[PDB]
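Each remark here refers to the structure printed beneath this line.
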Amino acid sequence: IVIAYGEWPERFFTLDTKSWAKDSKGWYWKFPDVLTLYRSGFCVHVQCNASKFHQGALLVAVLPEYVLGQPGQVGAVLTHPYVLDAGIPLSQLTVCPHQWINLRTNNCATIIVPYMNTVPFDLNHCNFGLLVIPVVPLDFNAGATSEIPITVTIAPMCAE
Amino acid sequence: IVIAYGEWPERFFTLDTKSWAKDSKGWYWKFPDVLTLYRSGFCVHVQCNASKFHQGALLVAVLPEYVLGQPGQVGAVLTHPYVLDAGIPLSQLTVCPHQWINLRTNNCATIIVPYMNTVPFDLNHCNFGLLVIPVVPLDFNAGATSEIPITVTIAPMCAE
Amino acid sequence: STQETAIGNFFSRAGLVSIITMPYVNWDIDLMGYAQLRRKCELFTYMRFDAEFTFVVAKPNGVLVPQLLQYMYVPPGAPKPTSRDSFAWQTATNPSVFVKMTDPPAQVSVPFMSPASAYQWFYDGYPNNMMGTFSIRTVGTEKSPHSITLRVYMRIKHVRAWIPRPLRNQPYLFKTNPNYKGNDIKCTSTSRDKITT
Amino acid sequence: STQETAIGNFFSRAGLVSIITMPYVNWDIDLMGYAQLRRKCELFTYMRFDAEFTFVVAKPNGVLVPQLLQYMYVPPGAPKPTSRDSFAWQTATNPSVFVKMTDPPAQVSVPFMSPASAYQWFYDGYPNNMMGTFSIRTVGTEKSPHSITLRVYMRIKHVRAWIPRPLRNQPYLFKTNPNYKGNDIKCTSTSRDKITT
Amino acid sequence: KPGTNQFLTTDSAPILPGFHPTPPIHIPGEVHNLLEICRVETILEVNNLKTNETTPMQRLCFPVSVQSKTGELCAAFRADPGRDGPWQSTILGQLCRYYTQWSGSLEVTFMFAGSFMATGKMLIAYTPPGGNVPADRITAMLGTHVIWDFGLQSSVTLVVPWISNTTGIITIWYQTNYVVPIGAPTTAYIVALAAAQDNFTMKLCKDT
Amino acid sequence: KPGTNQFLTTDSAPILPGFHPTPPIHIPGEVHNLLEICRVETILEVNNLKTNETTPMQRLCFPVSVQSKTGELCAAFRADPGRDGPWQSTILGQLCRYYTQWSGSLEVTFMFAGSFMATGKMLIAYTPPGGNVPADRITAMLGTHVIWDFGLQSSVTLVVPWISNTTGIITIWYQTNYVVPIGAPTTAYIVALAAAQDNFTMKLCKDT
Amino acid sequence: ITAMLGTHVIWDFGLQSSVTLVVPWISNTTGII
């Protein structure tokens, strides 16, 4: 587990599983839009199951106040993942809370994100984004499954 | 013994013996070049053996940051010893640590020089020079040895 | 020591923020002006501070002349002046400062002015952080006979920053939102010829 | 008493260090300028201190005119300005001072600025002790109509010296290293006719 | 005294005395020193070749293949964050351009991204500033080196002892050839991360 | 009050408040007062003849030979460091040109540089300021004098009681002729050193 | 200069008249003095 900025917040909704092909670019989700006054945290949980003959490396990281240059439950696909579609370079995305989904090693990553806003209480404002970037392209031998699924689980924490 | 500026540093390398003739001008060595990160002191020891029928007077003195107007183990020969080949007059060389090699009296002179630099730790920088100047020209009667040798011994102290 | 890289020192040494020429003018306060300071501020998401402005005035060619001026500050909610002889120049709710040209520059501060608790350089939703507006004119009913140009210097004091974010490398296009040139993306680093050297 | 010959008193009473005429200019700080002070500094090997400059400005013929100026200081590592309208004059990392000509002279200090622990007047090895650079210009987009000349006075405070060395008697040739005229060596003292008087 | 009516920039009457600003809140995550930012690993760009400008997504990793013979050089780069090159793409390198003099130690971490059934060995050697790049693996082994096998561990960290502002050069060698069973991909990629230690400092302020 | 907006040179806002200068170290050898410099012996130039300008290495000593008869004057010079002459070549004389008024005592040391088998005697006499140089050795002996024989001692020091800023004149006589055995050189040289005592002071500052 | 780096004894006959050099170990490719 990784706690965003070391501050605890004070059901199990499962979104659709995106398919990771050999030429995919990335995906991102906005919160709390994806689950559709307000004050609540979250517990993001991403799992990527694949055989031992596959290789790759994902990079899941939150990004508060992620403006672009309302997807919904389905999500969206980035166009230029090198500049994160917002001008900021991908090579320094590690500043924000993050995790690695190295397929040679553990295939699960969970992030605890508390409430981060300039007002104590808040439907038109999206707090933070959740980016999944295939830093290392996925490869396999012929005859294996051509698509490796990824599952995202969202659990509200300390809602009010 | 004379300790340079009254501060102790905190094998026996013998250099080649220069020959002192009746018309010589002087010699000088640079340190720590003559023994070829760095931090070390030194213990210079100069001896000049001659018979009781000779006369003369040497002046051995160190000079930190002695710029000219990389000799090596052999050494070098000054061109205008009156101005020390650097503009400074010889008559006030006594400010630096020094000793006299009066042949009528003792023929040995040892100088302890500690580390003197603007940084705690330092191959291209020479710390100090070692000048030997025949202030009083050497003279002898005919039939005696025409060259009186001088020996220099260097011993590193508190090296690191 | 480590005091040379603190957040307070990193946002000091007041520099030029805008230049105004009057051969009345309105200049709204906007830190997201010159790209040198915009990239430095965009490092963090939430920032809280106050400013301290200074107006050095002089005619072109540099010579000074004995003229009387009036710099007027407008809070976020107020009607901005629209003429040389409007009632805004006379209403007293919004303060103003009078100083002659042949005098030391007028120094004035401004507190942390926002309904929220910190400025937001990045807003994801739809409609907010206006800091005010300065108005400059030459006092008198007639027309001044001398052209003036003044440059405004601004400092930052009592700086607090939150939620660091990655820096920016692509060139800027607009002063309000971050669109880049999505067809000629420039790489961050330089380029070698083969990866052995 | 003995306080009249201490090292602190021996390096006081700020004197002229350079004269600049502008009928923009750059003047790098160099204590090894006028030979009067160079010989005094060359007595020791390592010296540590800070300076306090003062700029008295006036047009030729001595008369003063109401003009606004800008003296700009450049740290050792920075790009020096190369034109009257470069971005160096606008970057805020290197401080600057604004003062009108008809005013008391601008006094400003500068701390002990060196990566090492003390200045080195004599370096034996190959490549270091730069102290900065001052730039002077008349504020304004147009061309100033009045010629100016200013002279810079510099003081020395909190002086510490190490490793005394013999003084110098031969005339100087270059401002960077000590070559003399090795064919017309001048003796230190005068000359008698016979050693009996 | 001299020095009056002068505007020194590096040096005030309030305009609204009656105003009371909004009290602050406890927004989580606050930076007091910029050193807390330069202490997190970020992806290096070692594959800074001239042919990746068109497609800049392949510059974050360098490959290892079975075609390369044993005892052959794989990659090499210097260890100077200020200078241009691979260190331009990290937060430490970007922030070091705002300052003049920096000093302290560094650490570099690698991460294998190959299949689970691939094994081998790679030698990582760092030479101190002043000298020359090793010409042979046997020459490189005598110096400071770390033997890394991706069949057991997936990430190793090499710590640079000391840098200051004639730069240290790091190398990656081929201890053993890349072995792989039948039915698994023949190419693997390595990503390198860099970060500063707990003694990195900066002294003077500058503008990029 | 009168006396404002005036720039008195013999009398400040920092330009970089955020800068922290490098802390000092313990470089060995520090001077707190210039008196520690004027308290070391330095070579005098007594042989300041007009024929040594071409070859200035012979001005640091004056000779004694067997040709000179007994009871004959050898050398003489004044004891005024400020005035031009032999005292120009010493550090005390050079530093005294930076000041206006000086006072205190002085000491002068000689050093024989002849052979080990040479013996004799020399009389050194100093006359107080106000009077005349002695015309005979018998006249000089009545005043302040020190008998020096180089057959036993190699260096003697004569201390000047008091000088101030009509100058004292020192003399060196020939007590006995220069004797030497067969097989040894017939000429010997003497070097003179000068230094200040523990009560030398200077008052006003000047420029050379 | 090459010989000085090894085991050596500096002897001056102006002060001392006899010096002794001790061979560390011999056995029965021989040491040379």
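Residue numbers (the deposited numbering), protein chains in the order written: chain B, 31 to 40, 62 to 87, 101 to 133, 152 to 204, 207 to 244; chain B', 31 to 40, 62 to 87, 101 to 133, 152 to 204, 207 to 244; chain A, 74 to 96, 106 to 209, 227 to 296; chain A', 74 to 96, 106 to 209, 227 to 296; chain C, 7 to 17, 21 to 174, 190 to 232; chain C', 7 to 17, 21 to 174, 190 to 232; chain C'', 147 to 174, 190 to 194. A prime marks a further copy of an entry chain. Even for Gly, the Cβ is constructed at its ideal location relative to N, Cα and C.
Name, please, each residue of chain C whose Cβ falls closer than 8 Å to the Cβ of residue i.
i: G105 (chain B); result: Within 8 Å Cβ-Cβ: nothing; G105 (chain B) doesn't reach chain C, min ~10 Å.
i: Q202 (chain A'); result: Under the 8 Å cutoff, chain C gives no residues; its nearest Cβ is about 17 Å from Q202 (chain A').
i: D112 (chain A'); result: None at all; the shortest Cβ gap to chain C is about 20 Å.
i: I24 (chain C'); result: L14 and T16
Cβ of residue i within 8 Å of Cβ of residue j?
i: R259 (chain A'); j: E50 (chain C'); result: no
i: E116 (chain C'); j: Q221 (chain C'); result: yes
i: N188 (chain B); j: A122 (chain C); result: no
i: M150 (chain C); j: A208 (chain C); result: no
i: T127 (chain A'); j: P233 (chain B'); result: no
i: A79 (chain A); j: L150 (chain A'); result: no
i: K69 (chain B); j: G120 (chain B); result: no
i: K73 (chain B'); j: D223 (chain B'); result: yes
i: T109 (chain C'); j: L217 (chain C'); result: no
i: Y106 (chain A'); j: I247 (chain A'); result: no
i: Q155 (chain B'); j: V108 (chain B'); result: no
i: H257 (chain A); j: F131 (chain A); result: yes
i: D89 (chain C'); j: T191 (chain C'); result: yes
i: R86 (chain A); j: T225 (chain C); result: no
Leaving aside the five residues before and after residue i along the sequence, list all residues of the same chain whose C-beta is less than 6 Å from its C-beta, in chain order.
i: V124 (chain B); result: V110, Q181, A191 and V216
i: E134 (chain A'); result: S191 and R254
i: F203 (chain B'); result: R103
i: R264 (chain A'); result: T127
i: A134 (chain C'); result: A149, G152, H154 and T195
i: residue 136 (chain B'); result: Any structural detail on residue 136 (chain B') is unavailable, because chain B' resumes at 152 straight after 133.
Mind listing the chain C' neighbours of residue i? Cutoff is C-beta to C-beta under 8 Å, in chain order.
i: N82 (chain A); result: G27
How would you list, in chain order, the residues of chain C whose beta-carbon sits under 9 Å from the beta-carbon of residue i?
i: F180 (chain A'); result: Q12, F13, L14 and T15
i: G159 (chain A'); result: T109, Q110, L228 and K230
Name the chain C'' residues that come within less than 7 Å of residue i, Cβ to Cβ?
i: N188 (chain B'); result: Residues of chain C'' passing the Cβ test: none, with the nearest at roughly 12 Å.
Using a C-beta to C-beta distance shorter than 8 Å, which residues of chain B' count as neighbours of residue i?
i: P65 (chain C'); result: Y164
i: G281 (chain A'); result: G133, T161 and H162
Mind listing the chain A neighbours of residue i? Cutoff is C-beta to C-beta under 9 Å, in chain order.
i: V139 (chain A'); result: Residues of chain A passing the Cβ test: none, with the nearest at roughly 13 Å.
Based on DSSP bridge pairs, tell me the residues matched to residue i.
i: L86 (chain B'); result: BP columns for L86 (chain B') are empty, so no partner.
i: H109 (chain B'); result: B':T192 and B':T237
i: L214 (chain B); result: B:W80 and B:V126
i: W182 (chain B); result: B:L123
i: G88 (chain A); result: A:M253
i: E39 (chain C); result: A:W261
So, at 8 Å on beta carbons, what are the nonlocal neighbours of residue i in its own chain, with the 5 sequence-adjacent residues on each side left out?
i: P158 (chain A); result: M195, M229, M230 and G231
Which chain A' residues sit within Cβ distance under 9 Å of residue i?
i: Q149 (chain A); result: Going along chain A', no residue has its Cβ under 9 Å from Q149 (chain A), so there is no contact; the nearest lies around 12 Å.
Whose Cβ in chain B lies nearer than 8 Å to the Cβ of residue i?
i: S98 (chain C); result: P171, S173 and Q174
Who are the neighbours of residue i on chain A, taking C-beta pairs under 8 Å?
i: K59 (chain C); result: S290, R291 and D292
I want to verify the contact list: residues of chain B' whose CB lies under 9 Å from the CB of residue i, in sequence order.
i: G192 (chain C''); result: Chain B' residues near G192 (chain C''): none, gap ~20 Å exceeds 9 Å.
Cutting at 7 Å between CB atoms, please list the residues of its own chain near residue i, excluding the five before and the five after it.
i: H245 (chain A); result: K141, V147 and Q149
i: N199 (chain B); result: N211
i: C47 (chain C); result: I100, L101, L104, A220 and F224
i: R146 (chain C'); result: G80, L132 and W197
Would a check of beta-carbon distances place residue i closer than 8 Å to chain E?
i: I262 (chain A); result: Here chain E cannot be found, since the structure's protein chains are B, B', A, A', C, C' and C''.
Show which residues of chain A' have a CB atom less than 7 Å away from the CB atom of residue i.
i: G144 (chain A); result: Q149, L150, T237, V238, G239 and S243
Taking C-beta pairs closer than 7 Å, name the residues in chain A that residue i reaches, listed in chain order.
i: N56 (chain C); result: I294
Going along chain B, which residues have a C-beta under 7 Å from residue i?
i: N278 (chain A); result: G133
Open item on the list: My parser needs the alpha helix (DSSP H) runs of 4 or more residues fully inside the region 51-115 of chain C'; what are they?
Closed with: 100-104
Open item on the list: I'd like the ranges of any beta strand (DSSP E) spanning at least 3 consecutive residues and lying wholly in the region 115-160 of chain A.
Closed with: 126-140 and 150-156
Task: Contiguous beta strand (DSSP E) assignments of at least 3 residues, all confined to the region 168-208 of chain A - done: 178-182 and 188-192
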